[PDB]
Amino acid sequence: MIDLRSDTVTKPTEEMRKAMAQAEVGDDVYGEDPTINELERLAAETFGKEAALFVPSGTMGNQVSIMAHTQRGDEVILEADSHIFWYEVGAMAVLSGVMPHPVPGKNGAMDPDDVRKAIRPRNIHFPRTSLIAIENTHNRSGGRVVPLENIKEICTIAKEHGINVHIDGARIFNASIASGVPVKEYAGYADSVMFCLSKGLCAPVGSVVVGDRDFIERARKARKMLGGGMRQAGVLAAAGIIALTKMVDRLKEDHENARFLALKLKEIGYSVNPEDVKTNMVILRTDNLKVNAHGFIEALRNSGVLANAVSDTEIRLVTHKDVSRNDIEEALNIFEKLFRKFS
Amino acid sequence: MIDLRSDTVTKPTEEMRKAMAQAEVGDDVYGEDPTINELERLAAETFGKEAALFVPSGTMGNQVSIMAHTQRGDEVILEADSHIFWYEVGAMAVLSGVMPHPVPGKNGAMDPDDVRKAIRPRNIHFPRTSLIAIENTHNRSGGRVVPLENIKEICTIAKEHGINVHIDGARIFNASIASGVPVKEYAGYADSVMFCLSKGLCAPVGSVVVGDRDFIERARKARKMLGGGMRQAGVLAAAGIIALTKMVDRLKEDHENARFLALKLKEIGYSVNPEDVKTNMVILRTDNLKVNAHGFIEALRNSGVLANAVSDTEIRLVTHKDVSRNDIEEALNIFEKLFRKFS
Amino acid sequence: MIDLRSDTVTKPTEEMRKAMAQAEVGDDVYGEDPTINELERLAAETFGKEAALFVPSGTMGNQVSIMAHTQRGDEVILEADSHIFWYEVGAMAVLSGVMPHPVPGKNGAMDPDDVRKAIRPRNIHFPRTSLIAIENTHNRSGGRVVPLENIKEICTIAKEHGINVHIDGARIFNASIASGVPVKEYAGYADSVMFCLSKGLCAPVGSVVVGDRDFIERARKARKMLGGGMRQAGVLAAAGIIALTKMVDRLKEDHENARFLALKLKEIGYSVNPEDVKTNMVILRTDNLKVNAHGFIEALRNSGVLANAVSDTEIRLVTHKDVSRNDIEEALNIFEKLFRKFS
Amino acid sequence: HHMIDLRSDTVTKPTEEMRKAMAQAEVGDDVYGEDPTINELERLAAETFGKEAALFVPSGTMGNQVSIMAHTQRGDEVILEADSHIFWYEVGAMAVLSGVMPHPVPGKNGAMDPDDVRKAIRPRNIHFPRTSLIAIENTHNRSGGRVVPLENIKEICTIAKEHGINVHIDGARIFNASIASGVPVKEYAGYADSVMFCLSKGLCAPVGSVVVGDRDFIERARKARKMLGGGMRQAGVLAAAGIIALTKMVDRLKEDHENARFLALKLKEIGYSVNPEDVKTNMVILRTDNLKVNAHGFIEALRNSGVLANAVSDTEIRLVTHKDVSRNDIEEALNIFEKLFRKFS
Ligand SMILES: [Ca+2]
Ligand SMILES: [Ca+2]
Ligand SMILES: [Cl-]
Ligand SMILES: [Cl-]
Ligand SMILES: [Cl-]
Ligand SMILES: [Cl-]
Ligand SMILES: [Cl-]
Ligand SMILES: [Cl-]
Ligand SMILES: [Cl-]
Ligand SMILES: [Cl-]
Ligand SMILES: [Cl-]
Ligand SMILES: [Cl-]
Ligand code: NA
C-alpha cells in the first residue's frame with residue numbers, strides 16, 4: 001500500500017533499527033539514560049536553547065509547555081485552526097485550567113494587531129494572558145509556512161507585555177526547508193518550541209521541547225505528572241538522535257514529491273492547487289467527482305492508496321520518507337484510472 | 001454622579017429594605033429558609049421549569065450550570081463576544097475543565113449552521129460537545145435582543161445531537177420587554193436559564209438558575225463546592241421576590257431613557273446608533289473624537305458621568321432605575337459640552 | 001423544636017434586622033459598598049492584618065485562601081478530621097488542583113513533629129507542600145481549642161520551609177473567649193485566617209478572610225471566579241459589623257449552656273465528658289444505649305429535639321444564641337425520659 | 001557498571017532477546033490502532049488477566065491516572081491506602097488531572113481493613129464528594145513489597161459491588177505477588193474493574209506498563225491517554241520487549257524473591273534491624289534504629305563502598321532485588337553490610 005494519509009506513518013530506517021538494538025540505556029527517572037541525555041543535549045544545541053526534554057508525543061510536548069508557562073485561569077492566545085485547540089482533546093482546559101483565546105490567521109499567520117487585541121487588560125473579570133502559541137508549519141491550512149516576520153512581530157508584542165511564546169513546531173524542519181530560515185532563528189523568537197521526531201524525521205516515538213533551564217525543569221515535573229516519565233527510553237532516543245541529525249535534509253524530497261503529485265493530479269483533472277503546496281501536503285477537493293471524500297477514500301483504498309478525508313469534500317495527501325517518487329508515480333497511475341471512473 | 005456604568009449599581013427600593021428587615025429566614029443548607037424556597041418556587045413557575053436555585057451572583061449561576069451540564073474535557077459552544085467567555089475569569093476552564101468553542105454572531109445571534117459546524121464529531125482527538133450557551137440580551141453588542149427564531153433553531157440542532165442548551169438570561173426580562181416574548185417561551189427552548197435579580201430588577205444580591213430538578217440538584221451541589229451555600233439568605237430572597245414580581249414592567253422606563261439618550265447623543269454629533277437601541281444600553285464609539293475610549297471615560301468622570309470602556313474605541317452606557325430622565329438630560333448637557341472639547 | 005444541630009441556625013437579632021434595612025450600599029465589584037468596606041477594615045484591624053475580604057460562605061473563605069496560597073499540584077497539610085477535607089465537597093482538588101495531606105491531631109492539635117514529617121522533600125515524584133491549615137476551634141473533636149503554642153510551633157516550622165499557614169477560624173472567637181487568647185495573637189502566627197459571621201455571631205450570611213494585601217487581592221479575584229463577587233452586599237455586611245463588634249462577648253453564655261448541658265447529661269447517666277466541653281459543643285456517645293447515633297437522633301426529633309449524628313456511635317450537640325437556658329432545661333427533661341427508655 | 005544497584009527494580013536493562021526484538025519490531029501507527037506488536041501485546045495482556053481489553057501506556061503513573069480519569073468525575077473521592085504510590089509518588093496527578101480527592105485509609109502491610117474501606121465511603125450529602133473508586137496496591141511497595149491477600153481484595157470487591165464503586169488494582173508488581181502467593185493474576189483481577197501492571201520493573205522491559213479492564217473502560221482510558229500525551233506512533237518497538245517481559249520473564253521473578261530473602265536472613269544474622277518473615281517478594285526494609293547514622297547517612301556510606309540504595313524515610317532503607325543483581329552481587333553487598341555494621345553499630 002501507498003500510504004499518503006500522514007507523515008506519522010513513517011517507519012524507522014535500518015540505521016535506526018540498528019541503533020535501537022545497541023542503545024546504551026539507563027533509568028531516565030534518575031537522569032541516567034545516556035542516550036536520552038545526549039538527544040536532549042543535541043536538541044537544545046540545534047535550537048540554541050539552554051535545555052531540552054524528550055516526551056512520548058507532541059501532544060505531551062505542547063501540554064507540558066502550557067503547564068510550565070501558565071497558572072490556573074490564565075489564557076492562551078493561539079491560532080483558531082491550530083492543533084492545540086482542535087486535536088489535543090481539550091487537554092489545556094483539563095490539565096492546566098487555562099482558556100484558549102482563538103485568533104484567526106491567514107494560513108497560520110495571526111495578524112499581530114489581532115494578537116495585540118486578544119490580550120487581556122488587568123481587570124478582576126479577566127483571565128491573565130500568559131502564553132501565545134504559534135504553529136509552524138501550520139497543519140489545517142495544508143502545511144503552510146508562517147513567515148518569520150509574523151513570528152518576529154508577535155514576539156515583540158509578547159516582550160512588551162511579558163507574555164511567553166510557544167512554537168508548536170511539530171513540523172518546524174519542514175518550515176525551515178521551505179523557507180530557508182534556520183530553526184535556531186525561529187526558536188530565538190520563542191520561549192519554548194515543541195518539535196516531533198516521529199513524523200517526517202521517521203523516529204518511531206516522540207518529540208522534544210526546547211527552552212530555558214527553569215522552564216524545562218517545570219516541564220519535566222509536568223511530564224512526570226502526566227505519565228511521560230519513562231525508564232530506559234534510550235532505546236527510543238537512539239532513533240531520535242538519527243532522526244534529528246540525519247533525517248532533516250531529505251525533507252526537501254517530501255516537498256518535491258508533494259509538488260510533483262499536485263501538478264500531475266491537476267493535469268489529470270483533479271481539483272487541486274499546486275501553488276498552495278509548500279511542504280508535504282496536498283489538498284484534494286472532490287466536488288467535480290461522482291462521490292464525496294468518504295466514497296473516494298474507499299475507491300483509493302481498494303486500488304492500494306491510503307488517504308484521509310478531512311471533510312465531506314476534502315482529502316489530504318501527505319508525503320514522507322516511506323512514499324518514494326516511484327510510489328508517487330504508481331499512485332498517479334491509479335488516480336488517472338479512478339478519474340475515468342469517478343469524474 | 002450620573003452613573004451609566006451598569007444596571008448593577010441599582011440600589012434597593014424602600015419596599016425591598018422593609019421586606020429584608022422582616023424576612024422570614026432559616027438555614028438554607030438544610031433547605032429550611034422559607035423565603036429562599038418561595039423565591040425559588042416562584043422563579044421556577046415564572047420560567048415554566050421544575051426547579052430553581054438561588055445564587056449570590058450571575059457568574060455563579062452560569063458556572064454551576066456549566067458544571068451540572070458537563071464533564072471534564074467537554075466543549076461548550078458559545079458566542080465569541082459572550083460574558084461567560086469574556087467576563088467570568090476563565091472559570092469554565094478551572095471549575096469544569098471545559099473548553100470554550102467561540103462561534104461569531106450578529107449581535108448575539110450565532111448562525112445555526114455555524115453552531116452545527118462547531119459540534120465535534122466523535123473522535124479520540126476531540127472533546128465532546130455537551131453544551132451550547134446563548135446570551136439574551138447580548139451585553140457586548142449593546143443589550144441586543146437575540147431573535148426567538150434563532151434560539152428555536154439552535155435548540156432544534158441541540159435536540160438532534162443530544163446537547164444541552166443554557167441561556168445566560170442575565171437580562172432576559174429586558175429582552176422580553178423589548179421583544180414581547182414571554183420568559184416562559186424563551187425558557188422552553190433551553191434546558192437551563194440564569195437570570196439576574198441584582199441588575200435592572202434592583203435587588204442588592206444574586207441571581208437564579210431554573211431547569212429540571214435533577215439538573216438543579218447537580219447545580220446545588222456545585223454551588224456548595226463553589227461556596228454559594230449560604231445560611232439565612234431569606235434576607236436577600238425577600239428583595240429578590242420583589243425584584244421578580246414588581247420590578248419587571250418598569251424596565252420599559254429604562255429602555256425609553258436609553259433610547260432618548262441615544263437619540264440626543266446622535267444629534268450632538270456622537271457616533272451612536274439609536275436604531276440599535278432597544279433595551280437599556282447605548283454603544284458610543286470614540287472614532288470621531290480626539291481621545292480614545294479611556295481618555296473620554298476620564299473626561300466624563302471629571303464632569304460627573306460614570307461609564308465603562310468596553311474596548312479602546314467603545315464605551316457602554318447603561319440605564320437603570322437610579323438614573324432618571326432628569327439625570328439623562330443633565331448628562332446630555334455634559335456630553336454636549338465635551339463634544340465641543342473632543343470632537 | 002429545640003435546635004442543637006449547629007450554630008449555623010442562628011437567626012438575626014432585631015438590631016441586625018434594622019441595620020440591614022438601613023444599610024448604606026454600593027457596588028462591591030467596584031469596591032464601592034461602604035458597609036462591606038467598613039466590615040473589611042474592621043475585620044483586618046481586629047485580626048491585626050492589613051487586608052480583608054467578605055465572602056458568602058466559610059467554604060468560599062477557605063477555598064479562595066487555598067487558591068491564593070497554592071499552584072496546581074501543590075499539597076496542603078491539614079488535620080485528618082478537619083472541615084476542609086470532610087465538609088467542603090472535595091473543592092480543593094477541583095478548584096485548586098491540590099492534594100490534602102491528612103495528619104492526625106489530638107483534638108485539632110497536630111503534633112508539630114508529624115507536621116515536619118509530612119512536608120514533601122523536593123523530588124520530581126512529590127507535590128510541593130505550600131500550605132498548612134489549622135482549624136480553631138476544631139469541630140469534629142467537640143469544639144476543642146487548639147493551644148497557641150501548637151500554632152506557634154507550627155508557624156516556626158512553616159517559616160523554615162517557606163510554607164504558608166491558614167487558620168480555619170470558623171469558630172475562632174469561641175476559641176478566644178475560652179482561652180483568653182485574642183484572635184490577633186492566633187492570627188499573628190498565620191498568613192491568613194477565615195472566620196464565620198453566620199454561626200455563633202448570628203449574622204444571616206457570610207464569612208471573612210483576613211491576610212496580607214497581595215494575598216487578599218488574589219483571594220478577591222478567586223472569589224470573582226467562584227461567583228462570590230456580589231453587588232450591594234452592604235445589606236449583609238451591616239449585620240456582619242454587629243456580629244463582629246457586638247456578638248462576641250455573649251459567646252460565653254453558649255459555653256455556659258454547653259457545660260450545663262454536659263454536666264446534667266452525665267448526671268442522668270449519658271456518656272458525655274464535661275471536662276472536654278470548653279466551648280459551644282458536646283459530644284454524646286450512644287454506647288450505653290439500646291440504639292445507635294442515628295436511632296437516637298430519630299427518638300430525639302420525635303420528642304422535639306434536633307441534633308446531628310457525627311458517627312454511628314456519636315451525636316454532637318451545639319449551643320448558640322437561639323438555644324437559651326430554658327431550652328436546655330426543656331431538652332434535659334426529654335433526655336431524661338429517653339434515658340429511661342434506651343439505657 | 002560497576003556498583004551494586006539495590007535502589008529499585010526499575011533499573012533493569014533489556015535482555016539480548018529483547019534488544020533484537022525491538023530493533024526487528026513490526027510496527028504501525030498506534031493512533032490508527034495499526035501497530036501489530038502493540039495490538040498483540042494488548043491482546044496477550046488482556047488474556048493473561050482474564051479481561052476483554054488492554055491498553056499500553058508509557059508509564060505505570062500514566063496507567064493509574066488514565067484509570068482514575070476513566071473511573072471518576074470531577075469532585076469524586078478515591079479511597080486508597082495511606083502509604084500507596086498513587087498518593088505519595090504520582091506528583092498530585094489525581095487532583096490536577098481528574099479533580100478528585102484522595103481518601104487515605106491506613107493499611108496493615110498494604111491491606112486496608114474491609115470495614116475501614118466501608119466507613120471511608122461517603123454518604124449521599126451535599127457537603128460530601130461521591131466515592132467512585134477504591135484503589136488497592138499489590139504488591140504494596142512502601143511496606144516492603146508486601147502481598148495483599150486475595151481475601152482482602154475479594155471482600156473489598158464485595159463492598160464496592162454493594163455501593164456501585166469501581167475497583168482499580170495498582171498491580172505495578174502484581175506478578176511478584178502472584179509468584180509469591182501462587183494466585184494467578186486473573187484471580188486478583190477478577191475482583192477488580194481495572195488493573196495496571198508494569199513491564200519496565202522486574203519484568204525487564206525498557207519502557208511501559210499496561211492497563212487491563214472492560215472494553216468500554218479501556219476505550220475511555222485510551223481517550224484519557226491521548227489527552228495526557230501517551231498516544232504514540234510506532235510504539236511496537238517498545239511492545240516487542242513487553243511481549244517478552246510478559247511471556248518469558250515472570251517465572252524468574254522467583255530468583256529475585258530468593259535473593260531478597262537470602263539478603264534479609266543474612267542481614268538479620270549480622271545484627272541489622274530487618275524482618276526476614278516480612279520478605280516474600282523482591283524487597284527488604286532495613287531500619288537504622290540501632291545505628292549511629294540515619295537512613296541518609298547510611299545511604300552515603302553504602303554509596304562509598306559500591307552499593308546503591310534509597311532511603312524511604314529518615315530511619316528506613318528499602319533494598320530491591322532484580323535481574324541485574326545476581327546472587328554473587330548479594331553476597332558482595334552482604335560482606336560490605338557486615339563491615340559497615342561494625343562501623344555504625
Ligand atoms: Ca464531474
Ligand atoms: Ca519503507
Ligand atoms: Cl546499556
Ligand atoms: Cl497554578
Ligand atoms: Cl425568621
Ligand atoms: Cl435589539
Ligand atoms: Cl445606600
Ligand atoms: Cl521537582
Ligand atoms: Cl478544649
Ligand atoms: Cl515494520
Ligand atoms: Cl467530570
Ligand atoms: Cl508479604
Ligand atoms: Na540511627
# chains A, B, ... in the order shown; residues from 1 in each chain; ligands from 1

$ closest_atom_pairs --of "chain D" --to "ligand 10" --cutoff "10 Å" --atoms "only C-alpha atoms and all ligand atoms" --output "Markdown table"
| residue | atom | partner | partner_atom_place_in_ligand_line | distance |
| --- | --- | --- | --- | --- |
| D:23 | CA | ligand 10 | 1 (Cl) | 10.0 |
| D:24 | CA | ligand 10 | 1 (Cl) | 7.8 |
| D:25 | CA | ligand 10 | 1 (Cl) | 6.2 |
| D:26 | CA | ligand 10 | 1 (Cl) | 3.8 |
| D:27 | CA | ligand 10 | 1 (Cl) | 4.3 |
| D:28 | CA | ligand 10 | 1 (Cl) | 6.6 |
| D:35 | CA | ligand 10 | 1 (Cl) | 8.7 |
| D:36 | CA | ligand 10 | 1 (Cl) | 9.0 |
| D:37 | CA | ligand 10 | 1 (Cl) | 9.5 |
| D:234 | CA | ligand 10 | 1 (Cl) | 8.7 |
| D:236 | CA | ligand 10 | 1 (Cl) | 8.6 |
| D:237 | CA | ligand 10 | 1 (Cl) | 9.3 |

$ write_last_selection --atoms "N, CA, C and O atoms" --output "mmCIF file, in the first residue's frame"
data_model
loop_
_atom_site.group_PDB
_atom_site.id
_atom_site.type_symbol
_atom_site.label_atom_id
_atom_site.label_comp_id
_atom_site.auth_asym_id
_atom_site.auth_seq_id
_atom_site.Cartn_x
_atom_site.Cartn_y
_atom_site.Cartn_z
ATOM 1 N N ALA D 23 14.587 -3.813 17.836
ATOM 2 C CA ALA D 23 15.244 -3.478 16.583
ATOM 3 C C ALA D 23 14.528 -4.061 15.372
ATOM 4 O O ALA D 23 14.439 -3.393 14.366
ATOM 5 N N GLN D 24 14.067 -5.311 15.471
ATOM 6 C CA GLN D 24 13.315 -6.022 14.412
ATOM 7 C C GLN D 24 11.766 -5.842 14.473
ATOM 8 O O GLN D 24 11.048 -6.487 13.733
ATOM 9 N N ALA D 25 11.253 -4.992 15.353
ATOM 10 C CA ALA D 25 9.810 -4.927 15.603
ATOM 11 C C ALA D 25 9.017 -4.546 14.353
ATOM 12 O O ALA D 25 9.358 -3.587 13.671
ATOM 13 N N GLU D 26 7.961 -5.315 14.098
ATOM 14 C CA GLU D 26 6.880 -4.966 13.196
ATOM 15 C C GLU D 26 5.977 -3.824 13.782
ATOM 16 O O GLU D 26 5.278 -3.974 14.802
ATOM 17 N N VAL D 27 5.955 -2.702 13.074
ATOM 18 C CA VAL D 27 5.335 -1.508 13.582
ATOM 19 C C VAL D 27 4.269 -0.938 12.664
ATOM 20 O O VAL D 27 4.195 -1.248 11.457
ATOM 21 N N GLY D 28 3.446 -0.093 13.278
ATOM 22 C CA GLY D 28 2.465 0.709 12.580
ATOM 23 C C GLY D 28 2.117 1.931 13.427
ATOM 24 O O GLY D 28 2.810 2.226 14.391
ATOM 25 N N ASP D 35 -0.480 -0.561 14.871
ATOM 26 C CA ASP D 35 0.741 -1.250 15.323
ATOM 27 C C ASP D 35 0.466 -2.711 15.758
ATOM 28 O O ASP D 35 -0.145 -2.952 16.801
ATOM 29 N N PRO D 36 0.945 -3.688 14.956
ATOM 30 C CA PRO D 36 0.588 -5.075 15.222
ATOM 31 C C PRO D 36 1.243 -5.673 16.462
ATOM 32 O O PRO D 36 0.753 -6.683 16.968
ATOM 33 N N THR D 37 2.353 -5.068 16.899
ATOM 34 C CA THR D 37 3.136 -5.559 18.025
ATOM 35 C C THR D 37 2.498 -5.052 19.325
ATOM 36 O O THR D 37 2.275 -5.829 20.242
ATOM 37 N N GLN D 234 4.786 4.540 16.390
ATOM 38 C CA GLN D 234 5.312 3.231 16.086
ATOM 39 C C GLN D 234 5.900 2.630 17.341
ATOM 40 O O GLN D 234 7.092 2.256 17.397
ATOM 41 N N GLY D 236 5.321 -0.217 18.683
ATOM 42 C CA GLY D 236 5.642 -1.653 18.528
ATOM 43 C C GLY D 236 7.082 -2.001 18.869
ATOM 44 O O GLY D 236 7.374 -3.130 19.273
ATOM 45 N N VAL D 237 7.971 -1.017 18.703
ATOM 46 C CA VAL D 237 9.363 -1.089 19.147
ATOM 47 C C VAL D 237 9.467 -1.428 20.642
ATOM 48 O O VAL D 237 10.237 -2.304 21.041
#

$ residues_near_ligand --ligand "ligand 2" --cutoff "9 Å" --atoms "only C-alpha atoms and all ligand atoms" --output "ChimeraX atom specification"
/A:10-13,321-324

$ select_by_dssp --residues "region 278-337 of chain A" --states "alpha helix (DSSP H)" --output "PDB file with N, CA, C and O atoms, in the first residue's frame"
ATOM      1  N   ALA A 293     -15.692  12.871  -0.493  1.00  0.00           N
ATOM      2  CA  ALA A 293     -14.378  12.494   0.025  1.00  0.00           C
ATOM      3  C   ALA A 293     -14.369  11.084   0.612  1.00  0.00           C
ATOM      4  O   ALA A 293     -13.413  10.328   0.411  1.00  0.00           O
ATOM      5  N   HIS A 294     -15.424  10.742   1.346  1.00  0.00           N
ATOM      6  CA  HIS A 294     -15.506   9.449   2.027  1.00  0.00           C
ATOM      7  C   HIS A 294     -15.592   8.281   1.038  1.00  0.00           C
ATOM      8  O   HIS A 294     -14.901   7.275   1.187  1.00  0.00           O
ATOM      9  N   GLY A 295     -16.408   8.432   0.005  1.00  0.00           N
ATOM     10  CA  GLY A 295     -16.510   7.413  -1.039  1.00  0.00           C
ATOM     11  C   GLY A 295     -15.239   7.252  -1.860  1.00  0.00           C
ATOM     12  O   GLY A 295     -14.889   6.142  -2.277  1.00  0.00           O
ATOM     13  N   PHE A 296     -14.552   8.362  -2.126  1.00  0.00           N
ATOM     14  CA  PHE A 296     -13.324   8.321  -2.919  1.00  0.00           C
ATOM     15  C   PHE A 296     -12.106   7.718  -2.176  1.00  0.00           C
ATOM     16  O   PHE A 296     -11.253   7.056  -2.798  1.00  0.00           O
ATOM     17  N   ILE A 297     -12.021   7.987  -0.870  1.00  0.00           N
ATOM     18  CA  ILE A 297     -11.119   7.313   0.074  1.00  0.00           C
ATOM     19  C   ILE A 297     -11.240   5.776  -0.043  1.00  0.00           C
ATOM     20  O   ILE A 297     -10.236   5.064  -0.089  1.00  0.00           O
ATOM     21  N   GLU A 298     -12.459   5.269  -0.086  1.00  0.00           N
ATOM     22  CA  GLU A 298     -12.683   3.814  -0.283  1.00  0.00           C
ATOM     23  C   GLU A 298     -12.231   3.276  -1.637  1.00  0.00           C
ATOM     24  O   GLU A 298     -11.662   2.201  -1.716  1.00  0.00           O
ATOM     25  N   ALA A 299     -12.494   4.034  -2.688  1.00  0.00           N
ATOM     26  CA  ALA A 299     -12.098   3.651  -4.030  1.00  0.00           C
ATOM     27  C   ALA A 299     -10.578   3.649  -4.098  1.00  0.00           C
ATOM     28  O   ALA A 299      -9.975   2.710  -4.643  1.00  0.00           O
ATOM     29  N   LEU A 300      -9.948   4.650  -3.464  1.00  0.00           N
ATOM     30  CA  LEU A 300      -8.477   4.690  -3.366  1.00  0.00           C
ATOM     31  C   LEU A 300      -7.905   3.493  -2.596  1.00  0.00           C
ATOM     32  O   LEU A 300      -6.919   2.866  -3.004  1.00  0.00           O
ATOM     33  N   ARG A 301      -8.503   3.186  -1.461  1.00  0.00           N
ATOM     34  CA  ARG A 301      -8.015   2.074  -0.657  1.00  0.00           C
ATOM     35  C   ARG A 301      -8.147   0.772  -1.463  1.00  0.00           C
ATOM     36  O   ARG A 301      -7.222  -0.042  -1.476  1.00  0.00           O
ATOM     37  N   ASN A 302      -9.284   0.561  -2.130  1.00  0.00           N
ATOM     38  CA  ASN A 302      -9.402  -0.637  -2.961  1.00  0.00           C
ATOM     39  C   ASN A 302      -8.323  -0.746  -4.052  1.00  0.00           C
ATOM     40  O   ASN A 302      -7.972  -1.833  -4.462  1.00  0.00           O
ATOM     41  N   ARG A 325       9.428   8.460  -4.937  1.00  0.00           N
ATOM     42  CA  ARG A 325       8.997   9.038  -6.228  1.00  0.00           C
ATOM     43  C   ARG A 325       8.297   7.975  -7.086  1.00  0.00           C
ATOM     44  O   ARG A 325       7.335   8.282  -7.740  1.00  0.00           O
ATOM     45  N   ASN A 326       8.771   6.728  -7.045  1.00  0.00           N
ATOM     46  CA  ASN A 326       8.110   5.608  -7.735  1.00  0.00           C
ATOM     47  C   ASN A 326       6.705   5.415  -7.253  1.00  0.00           C
ATOM     48  O   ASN A 326       5.831   5.111  -8.044  1.00  0.00           O
ATOM     49  N   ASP A 327       6.501   5.548  -5.939  1.00  0.00           N
ATOM     50  CA  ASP A 327       5.183   5.340  -5.298  1.00  0.00           C
ATOM     51  C   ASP A 327       4.231   6.441  -5.689  1.00  0.00           C
ATOM     52  O   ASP A 327       3.055   6.193  -5.898  1.00  0.00           O
ATOM     53  N   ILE A 328       4.771   7.649  -5.782  1.00  0.00           N
ATOM     54  CA  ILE A 328       4.060   8.808  -6.314  1.00  0.00           C
ATOM     55  C   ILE A 328       3.627   8.554  -7.731  1.00  0.00           C
ATOM     56  O   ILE A 328       2.493   8.849  -8.071  1.00  0.00           O
ATOM     57  N   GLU A 329       4.527   8.005  -8.554  1.00  0.00           N
ATOM     58  CA  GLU A 329       4.204   7.649  -9.944  1.00  0.00           C
ATOM     59  C   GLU A 329       3.161   6.521 -10.018  1.00  0.00           C
ATOM     60  O   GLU A 329       2.230   6.571 -10.818  1.00  0.00           O
ATOM     61  N   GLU A 330       3.322   5.506  -9.179  1.00  0.00           N
ATOM     62  CA  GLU A 330       2.356   4.411  -9.062  1.00  0.00           C
ATOM     63  C   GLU A 330       0.987   4.986  -8.689  1.00  0.00           C
ATOM     64  O   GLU A 330       0.003   4.710  -9.358  1.00  0.00           O
ATOM     65  N   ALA A 331       0.946   5.828  -7.646  1.00  0.00           N
ATOM     66  CA  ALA A 331      -0.307   6.455  -7.176  1.00  0.00           C
ATOM     67  C   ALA A 331      -1.013   7.266  -8.273  1.00  0.00           C
ATOM     68  O   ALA A 331      -2.224   7.147  -8.473  1.00  0.00           O
ATOM     69  N   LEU A 332      -0.245   8.068  -9.003  1.00  0.00           N
ATOM     70  CA  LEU A 332      -0.779   8.837 -10.138  1.00  0.00           C
ATOM     71  C   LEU A 332      -1.423   7.979 -11.212  1.00  0.00           C
ATOM     72  O   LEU A 332      -2.469   8.365 -11.727  1.00  0.00           O
ATOM     73  N   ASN A 333      -0.816   6.828 -11.542  1.00  0.00           N
ATOM     74  CA  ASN A 333      -1.445   5.898 -12.487  1.00  0.00           C
ATOM     75  C   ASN A 333      -2.800   5.420 -11.976  1.00  0.00           C
ATOM     76  O   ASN A 333      -3.718   5.227 -12.748  1.00  0.00           O
ATOM     77  N   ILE A 334      -2.906   5.241 -10.669  1.00  0.00           N
ATOM     78  CA  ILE A 334      -4.167   4.848 -10.021  1.00  0.00           C
ATOM     79  C   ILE A 334      -5.174   6.012 -10.020  1.00  0.00           C
ATOM     80  O   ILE A 334      -6.377   5.795 -10.250  1.00  0.00           O
ATOM     81  N   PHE A 335      -4.681   7.226  -9.752  1.00  0.00           N
ATOM     82  CA  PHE A 335      -5.531   8.409  -9.713  1.00  0.00           C
ATOM     83  C   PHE A 335      -6.132   8.659 -11.141  1.00  0.00           C
ATOM     84  O   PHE A 335      -7.317   8.986 -11.269  1.00  0.00           O
ATOM     85  N   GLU A 336      -5.313   8.460 -12.187  1.00  0.00           N
ATOM     86  CA  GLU A 336      -5.779   8.506 -13.585  1.00  0.00           C
ATOM     87  C   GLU A 336      -6.920   7.538 -13.878  1.00  0.00           C
ATOM     88  O   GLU A 336      -7.912   7.901 -14.473  1.00  0.00           O
ATOM     89  N   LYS A 337      -6.749   6.285 -13.501  1.00  0.00           N
ATOM     90  CA  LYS A 337      -7.794   5.302 -13.697  1.00  0.00           C
ATOM     91  C   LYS A 337      -9.054   5.620 -12.929  1.00  0.00           C
ATOM     92  O   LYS A 337     -10.146   5.391 -13.437  1.00  0.00           O
TER      93      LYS A 337
END

$ closest_atom_pairs --of "chain B" --to "ligand 5" --cutoff "9 Å" --atoms "only C-alpha atoms and all ligand atoms" --output "JSON lines"
{"residue": "B:22", "atom": "CA", "partner": "ligand 5", "partner_atom_place_in_ligand_line": "1 (Cl)", "distance": 7.9}
{"residue": "B:23", "atom": "CA", "partner": "ligand 5", "partner_atom_place_in_ligand_line": "1 (Cl)", "distance": 6.3}
{"residue": "B:24", "atom": "CA", "partner": "ligand 5", "partner_atom_place_in_ligand_line": "1 (Cl)", "distance": 3.8}
{"residue": "B:25", "atom": "CA", "partner": "ligand 5", "partner_atom_place_in_ligand_line": "1 (Cl)", "distance": 4.2}
{"residue": "B:26", "atom": "CA", "partner": "ligand 5", "partner_atom_place_in_ligand_line": "1 (Cl)", "distance": 6.5}
{"residue": "B:33", "atom": "CA", "partner": "ligand 5", "partner_atom_place_in_ligand_line": "1 (Cl)", "distance": 8.5}
{"residue": "B:34", "atom": "CA", "partner": "ligand 5", "partner_atom_place_in_ligand_line": "1 (Cl)", "distance": 8.8}
{"residue": "B:232", "atom": "CA", "partner": "ligand 5", "partner_atom_place_in_ligand_line": "1 (Cl)", "distance": 8.6}
{"residue": "B:234", "atom": "CA", "partner": "ligand 5", "partner_atom_place_in_ligand_line": "1 (Cl)", "distance": 8.6}

$ interface_residues --of "chain B" --to "chain C" --cutoff "8 Å" --atoms "only C-alpha atoms" --output "number ranges by chain"
B: 8-9, 11, 17-18, 20-22, 25-27, 56-61, 63, 88-91, 94-95, 198, 204-206, 224-233, 235

$ atom_distance --atom1 "CA of residue 138 (chain C)" --atom2 "CA of residue 103 (chain D)"
19.9 Å

$ residues_near_ligand --ligand "ligand 4" --cutoff "10 Å" --atoms "only C-alpha atoms and all ligand atoms" --output "MDAnalysis selection string"
(chainID A and resid 67:74 96:98) or (chainID B and resid 94) or (chainID C and resid 67:74 96:98) or (chainID D and resid 96)

$ atom_distance --atom1 "CA of residue 85 (chain B)" --atom2 "CA of residue 141 (chain A)"
26.1 Å

$ residues_around --residues "residue 88 (chain D)" --least-positions-apart "2" --cutoff "12 Å" --atoms "only C-alpha atoms" --output "JSON, numbers by chain"
{"A": [225], "C": [75, 99, 100, 101, 118, 119, 120, 121, 123, 124, 125, 126, 127, 128], "D": [61, 80, 81, 82, 83, 84, 85, 86, 90, 91, 92, 93, 94, 102, 104, 141, 142, 312]}

$ select_by_dssp --residues "region 66-263 of chain A" --states "strand (DSSP E or B)" --output "VMD selection string"
chain A and resid 75 to 79 99 to 103 105 to 106 109 to 110 129 to 135 138 144 164 to 168 192 to 196 207 to 211

$ atom_distance --atom1 "CA of residue 291 (chain D)" --atom2 "CA of residue 271 (chain D)"
10.3 Å

$ interface_residues --of "chain D" --to "chain B" --cutoff "7 Å" --atoms "only C-alpha atoms" --output "ChimeraX atom specification"
/D:73-74,126-127,223

$ residues_near_ligand --ligand "ligand 13" --cutoff "7 Å" --atoms "only C-alpha atoms and all ligand atoms" --output "NGL selection string"
:D and (288-294 or 315)
